[PDB]
2 protein chains.
Amino acid sequence: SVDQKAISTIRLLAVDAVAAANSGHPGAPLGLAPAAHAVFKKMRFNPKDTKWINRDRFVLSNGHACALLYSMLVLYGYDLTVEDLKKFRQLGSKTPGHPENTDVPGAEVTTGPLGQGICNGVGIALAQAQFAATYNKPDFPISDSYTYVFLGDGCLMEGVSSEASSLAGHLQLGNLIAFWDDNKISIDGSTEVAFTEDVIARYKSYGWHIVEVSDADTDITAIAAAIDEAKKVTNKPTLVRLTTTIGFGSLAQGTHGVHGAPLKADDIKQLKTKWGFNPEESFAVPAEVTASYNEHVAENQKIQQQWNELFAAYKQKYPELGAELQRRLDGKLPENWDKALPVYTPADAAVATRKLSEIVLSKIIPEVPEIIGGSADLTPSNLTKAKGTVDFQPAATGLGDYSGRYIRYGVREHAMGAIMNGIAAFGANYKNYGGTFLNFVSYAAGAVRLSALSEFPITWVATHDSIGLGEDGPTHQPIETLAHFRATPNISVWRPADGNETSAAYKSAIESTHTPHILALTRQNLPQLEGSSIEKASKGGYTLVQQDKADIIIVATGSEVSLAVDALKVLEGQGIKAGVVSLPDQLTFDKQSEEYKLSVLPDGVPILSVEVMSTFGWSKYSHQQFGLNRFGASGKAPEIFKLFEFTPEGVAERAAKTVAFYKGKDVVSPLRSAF
Amino acid sequence: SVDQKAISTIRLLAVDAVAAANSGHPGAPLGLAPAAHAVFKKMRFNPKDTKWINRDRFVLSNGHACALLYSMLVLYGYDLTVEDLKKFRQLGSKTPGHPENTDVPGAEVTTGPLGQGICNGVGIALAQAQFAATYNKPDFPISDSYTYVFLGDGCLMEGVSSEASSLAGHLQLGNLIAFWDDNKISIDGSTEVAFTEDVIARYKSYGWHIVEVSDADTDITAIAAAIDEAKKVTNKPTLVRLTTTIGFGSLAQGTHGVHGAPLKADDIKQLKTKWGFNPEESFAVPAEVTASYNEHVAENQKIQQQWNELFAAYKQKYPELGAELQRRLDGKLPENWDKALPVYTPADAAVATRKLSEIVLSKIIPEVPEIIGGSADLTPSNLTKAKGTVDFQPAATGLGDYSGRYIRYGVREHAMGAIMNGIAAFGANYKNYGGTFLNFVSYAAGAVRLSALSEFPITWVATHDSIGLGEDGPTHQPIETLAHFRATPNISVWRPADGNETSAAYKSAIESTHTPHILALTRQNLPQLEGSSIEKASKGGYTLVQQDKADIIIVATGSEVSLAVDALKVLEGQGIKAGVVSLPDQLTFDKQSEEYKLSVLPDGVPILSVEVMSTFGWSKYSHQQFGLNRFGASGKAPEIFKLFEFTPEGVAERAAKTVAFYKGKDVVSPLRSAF
Ligand SMILES: Cc1ncc(C[n+]2c([C@](O)(CO)[C@@H](O)[C@H](O)[C@H](O)COP(=O)(O)O)sc(CCOP(=O)(O)OP(=O)(O)O)c2C)c(N)n1
Ligand SMILES: Cc1ncc(C[n+]2c([C@](O)(CO)[C@@H](O)[C@H](O)[C@H](O)COP(=O)(O)O)sc(CCOP(=O)(O)OP(=O)(O)O)c2C)c(N)n1
Ligand SMILES: [Ca+2]
Ligand SMILES: [Ca+2]
């Protein structure tokens, strides 16, 4: 039949792509081609408009199987061709060895690191539910799309998927339909060696619906019926168990050897001949398959065309919501939204930056509907909920509604990070955030790095940034954390010192379209600074205290800027004149012009950095570094600062030593380099 | 009764400790005091010998509840007193706000970061099973101890605990007995807001046994009976559901407000009077309680005394095993074990450092019985199993035995990291390791940081260290990873360049007693270097190519040392003389004498670093840095190196620019500083 021919075409494209690269993963593509064919025939999508907001989404969580995804995209006429498949895994191609949303048309997210994609799917589904609750009206199903996810045993072993699956079951996300490739093989061999749990019983315990397809190597009727069944269960996410043979059809089917290396040439020949293809030919695309797939595309395009008319009619029937929706689909924030950002003066009271963050959120959430966010069981400590908002919960629970704004992630930092990526991937201008302690952002590193690689504008509200948190002690106090994330490409790491800098950090985080943000915020109170503003802090680094005859410049962040200002006064009594630079975001600073940066960190003067955690990175901006390169301590925070000499006198002593060390030396800006 | 008085004493000590600090967590201590009393009465331990190898172990996974643990330790006469309790959460005390094994007698591991402790308990139990299988004989139960773990809802939400619980169920770890504090309250409020899964059904799906105690606020008979029942189920770990009231007895019992802040003074008064204590008194320890607890200590000490005689008799009956066991309990490796380390010459073939690692393991595993380890589903890629060894599995599976050496962790990096910490915490000189790709060590950051803080000699075999892995692409290629872990205190991060450096890295990792190791290893082949040796590489950094008239020194690691040697030859053709330094471990190097370090990185010569990932940290050792501060690419590895100019010519160009940049300047070693 044509369906059989399509499945064979998909299988053979994937095998031929791996063969051409002499690298990659043929096993899961062979096993999942029937399911991929069946799912894509049920999906609504436009290969010519990858951003249609009411498309169904597909996520390949077992990203190593991406020859399968690329084959589907090529067959359906996305902006990806057979010539791209022939360049699978080759430098600069559109077909990298794991899917990247920045590079691959039709890749909603970046997968490859196991466990992430299913969590991203939870976030796409969460966003769709929130979006639909916000905009849909009687006779106006603006958003009614599904989220389809393929995942394997490896994703099911990764703890992040357990976190997201528990939460998705709690949230009753009925438009999420995941498919487990139950092939009983991972890299080390049979799952009997390490993964003998009853996966189905576990998913039932989370509140998921289950459909089992016992012959997923051939039974596309049952796979399609499983989708229809899942669509009837509107209050539970569904897991479809696809019992498959890894490498189905290969001489080496059912073995770990077919997971991750190219097939032998004679194996590929026998695959072709068994399925009616020419063993001398590679990258065959039977015209019957193209015709069948084109029929489905044409139907989907007519569905989108009708959706566009529904949207036009919605704008007439619901003028206010319709204009808001239009603006969001155009990728624009509300005009002058930033006028809601709080502004402080040096006469205002000292405030912890966690509390300043609460105040920002309480002003901007009412102004910017596409802001949603939550905390990983730290709401009253991170201060991430605006008073008066409703939680995102299924209404059946009585605890919230899908139109709610605030997500109770539970103690699930890693899944929160990956869910945030999915919410961003949904689109519609969502600007979403997640709170935890800075030290526990590290639990989510797998997802955070993917925020950076995927270019998603997600925001971590990362409070309790340092030893300033005090008594909870060294298991809670960051040392390495800023260095880790600053060393990752494409992460803005804001460490605001005061009220105005906190508003600048949020301006950046909400305006972002391609750069994730981490906002490192304090437990302890900090004074409002003389010389700060949103305008200056928006440059990432700025001269706070200008001293034209400086003997030294002190560059600092966050809680250490006030410390530097107090040290400047001690230094004056020692006959040393200092300037102060505040560097709330190193990435934003780095992106300024060379001349602006030199106006902040000029030649001809020693520069000392002060920040109460690792000194890594700081030589970009300073000649000497005063930091904390050991673990912290459990005690009252001011006593910990005194112990480590992060005091006005301790900073002054190191500044004076720095001045002396450079006496008789020629000093050029740390910004200069040989290449 | 005296048991009731003991429970009240524990509760009130914990509340009074929190009150004295005006900081900390009274709720779970109040709820878990009955269970703590019951568990410690069942446990075998010696307060005067915290290292008795056949003790039962206790782990407080909900580490915020540590006022409870400290109260138990004080009551039982560990080296912790009421005076220490009065200094709870105070700088420098023995009673920090979360338990630290380095500081607190009787704290087996460091908890506070949720989810870790239960996983550590899995590792203690894994080690006990392996140890018992290795040493026990008929009439000689050398090891027969249990592992008791308390954990809360937060630990159950963290994905790392799901990973470890799936694995522990697979491994049939019948001497693990965990207790869930089922109090339905976390920081954000009721667990109904975020955590509505059927935990018991989930644990059954992993193959755990369940016992439910419906009134754990009072029913210590049922808690004791649950322990006895768990001990009869020898092939399953047990989860005991303790249904408790958080803050039991408080006016604010059953609320999130009692989780994490001190009780009101009038609340403490009514707690005392209800339980028969003097509301005017704090830190009361009724002598009846001390007497009762001392009886149990005396009995336990007689048990240890008999164990010591069993051990003496074992050494006579099993002379070979007995001597091995003695040596391990003394903390000593086999005499001259390091003679088994492979040694290479520059005439030997190029080898990837993952393969050199395999060869090291295959030589030292037969020589050092206390080495065990595994991989997170990457055994044939990390090359972490010595041929001929047996896997650690329950014999009932037919797949291994508890005497096995090699652990199939599955796709569970975070739990592997925390399990490794538990194996180290067991003691008996275990030197254990875990393989994954370097980029996915990041999934385990929560546990890795605790390896450092806890001072455990665990080892990550972290292959596929760079863009040198090639086609799997940027989701797999580390950039930030070395910087992150090097910026963490107390992590040796070895990046060996060749065969001799790989043997030095293992020498360090196996000899370690207080410092975790990460071995960053290559997929691609590297040449054997002229000038390398175990002796020189053991210094962490050394002069590979000495050039007395150097115009520049190139410092490099791993795969970039050979690149630097090739660049030296290009530079010679340009009239520039270079030296080369190899820096296989920055931490080990930093610990050498100032004079040794200056012999490697002298004054008076520009120094350029070369390493194909982040430049963070490198200014400690260099004036200019050539690194990779952007994500990688999917393609054949040599093409990626060429794209980013990590070629002999690209290094030479930057070296020549560095020489020019310092013409006419006075250059001092990067090792100098102002303070
Ligand atoms: C977070 C995480 N951890 C481990 C992995 C590694 N991994 C993976 C890869 O890195 C690919 O993403 C490797 O396959 C990798 O390409 C090769 O090992 C490279 O070989 P070599 O020639 O360089 O030696 S896949 C994988 C487990 C596969 O188990 P599954 O059951 O999910 O997939 P299956 O049904 O067998 O196809 C596992 C465990 C990952 N992708 N993400
Ligand atoms: C990996 C990880 N993530 C989050 C946490 C945070 N956390 C914790 C702490 O950091 C303590 O370890 C906080 O309590 C912290 O001390 C306060 O929030 C500080 O307050 P503030 O005065 O500074 O505002 S405990 C916790 C959840 C508690 O839920 P559980 O159900 O485990 O404990 P319970 O029965 O309620 O006592 C949670 C979620 C953690 N310890 N580890
Ligand atoms: Ca599989
Ligand atoms: Ca709880």
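Using Swiss-Prot numbers, chain A covers 3-677, in order.
Placed from the backbone N, Cα and C atoms, the Cβ positions cover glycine too.
What Swiss-Prot records for A:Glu415 is active site, proton donor, and it gives similarity to another entry as the kind of evidence. What Swiss-Prot lists as substrate binding site is A:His27, A:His261, A:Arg356, A:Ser383, A:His466, A:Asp474, A:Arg525, and the listing cites similarity to another entry. Feature annotation from Swiss-Prot assigns thiamine diphosphate binding site to A:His66, A:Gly114, A:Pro115, A:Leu116, A:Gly156, A:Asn185, A:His261, A:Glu415, A:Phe442; the stated evidence is similarity to another entry. Under the heading Mg(2+) binding site, Swiss-Prot lists A:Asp155, A:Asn185, A:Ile187. Marked as site 'Important for catalytic activity' by Swiss-Prot: A:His27, A:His261.
Sequence features annotated in Swiss-Prot and their locations in the structure.
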residue  : record                            : DSSP class
A:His27  : substrate binding site            : coil
A:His66  : thiamine diphosphate binding site : helix
A:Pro115 : thiamine diphosphate binding site : coil
A:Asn185 : Mg(2+) binding site               : coil
A:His261 : substrate binding site            : coil
A:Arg356 : substrate binding site            : helix
A:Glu415 : active site, proton donor         : helix
A:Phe442 : thiamine diphosphate binding site : helix
A:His466 : substrate binding site            : coil
Here the Cα-Cα span from A:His261 (substrate binding site) to A:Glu415 (active site, proton donor), rounded to a whole number of angstrom, reaches 31
Near chain B at Cβ under 8 Å, of the listed binding-site residues A:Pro115, A:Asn185, A:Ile187, A:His261, A:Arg356, we get A:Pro115
Expected list for ligand 1 (Cβ under 6 angstroms, recorded positions A:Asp155, A:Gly156, A:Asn185, A:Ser383, A:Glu415, A:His466) reads A:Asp155, A:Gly156, A:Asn185
Distance filter, Cβ under 6 Å of ligand 3; input binding-site residues A:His66, A:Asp155, A:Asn185, A:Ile187, A:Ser383, A:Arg525; output A:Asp155, A:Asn185, A:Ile187
Among binding-site residues A:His66, A:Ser383, A:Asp474, A:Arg525, close to ligand 2 by Cβ (under 6 Å) are A:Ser383, A:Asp474, A:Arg525
Greatest Cα separation in angstrom, residues A:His27, A:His261, A:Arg356, A:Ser383, A:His466, A:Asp474, A:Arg525 binding substrate per the record, works out to 48
Spacing of the two Cα atoms, A:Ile187 (Mg(2+) binding site) and A:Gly156 (thiamine diphosphate binding site), in whole angstrom, works out to 9
Rounded Cα distance in angstrom between A:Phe442 (thiamine diphosphate binding site) and A:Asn185 (Mg(2+) binding site) is 35
Sparsest Cβ environment (other Cβ within 10 Å) among binding-site residues A:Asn185, A:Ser383 belongs to A:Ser383
Rounded to a whole number of Å, the separation of the Cα atoms of A:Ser383 (substrate binding site) and A:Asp155 (Mg(2+) binding site) comes to 36
If you measure between the CA atoms of A:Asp155 (Mg(2+) binding site) and A:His66 (thiamine diphosphate binding site) and round to the nearest Å, you get 13
Same-chain residues at least 6 apart in sequence with Cβ under 8 Å of the Cβ of A:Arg525 (substrate binding site), in sequence order, are A:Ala354, A:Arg356, A:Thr465, A:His466, A:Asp467, A:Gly470, A:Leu471, A:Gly472, A:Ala639
For Mg(2+), residues beyond A:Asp155, A:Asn185, A:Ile187 with C-beta within 8 angstroms of the site's Cβ centre include exactly A:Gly154, A:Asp183, A:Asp184, A:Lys186, A:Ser188, A:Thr193, A:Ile248, A:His261
Simplified DSSP label at A:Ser383 (substrate binding site) comes out helix
For thiamine diphosphate, with binding residues A:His66, A:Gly114, A:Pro115, A:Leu116, A:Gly156, A:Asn185, A:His261, A:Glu415, A:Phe442 per the record, max Cα distance (Å, no decimals) returned as 35
